[PDB]
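> Experimental structure and sequence below, a few questions after.
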Amino acid sequence: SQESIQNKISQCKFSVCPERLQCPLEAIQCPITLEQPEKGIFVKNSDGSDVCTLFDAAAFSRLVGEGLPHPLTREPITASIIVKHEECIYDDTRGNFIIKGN
C-alpha cells in the first residue's frame, strides 16, 4: 500500500544540499532521475550491503504511486526498507552512507 510508504517518504526526506553535506553529486545522486536531487530520502539497499541511497523524494514517490519496484534491486517498495535521513550516516570503515547501530 502506497499511503504508509508516502508517510515515510514525506517525513524521512530532506532538502538536499551537496556543499553543506560535504558530499559529491554522484554520492547523493538520485539513480531514478540521473541527477543530484533538490530533495530526497535515504532508502537502505539492504540487499546490496545496507548502503543508504539518496532517491529524489518526488521521484521515488512516483515509483510507489505507479506501482514500480525499487529502481536498483527491483524489490517490492516497503516502509521497512526506507529510513530517516538522520538514522543513516556516512560511515568511515564502510566508506559510504549506511544505517546507525541503534
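Looks like it came in fine. Numbers count the residues shown, from 1 in each chain.

> residues in contact with residue 33?
With contact taken as Cβ atoms under 8 Å, 6 or more residues apart in numbering, residue 33 is in contact with 56, 59. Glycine gets a C-beta too; all of them are placed from N, C-alpha and C.

> name the element it belongs to?
Take DSSP states H and E as the rule and residue 33 turns out to sit in neither a helix nor a strand.

> For residue 63, see how far away it is.
Using Cβ to Cβ, to the nearest Å, we find residue 33 at a distance of 11 Å from residue 63.

> Please apply the same query to residue 39.
To residue 63, residue 39 is 15 Å away according to Cβ to Cβ.

> again with residue 86
Plainly put, residue 86 is 23 Å away from residue 63 if you go by Cβ to Cβ.

> Tell me which of these two has more neighbours.
Regarding residue 86 and residue 63, a neighbour count based on other Cβ atoms under 10 Å identifies residue 63 as having more, with 17 against 10.
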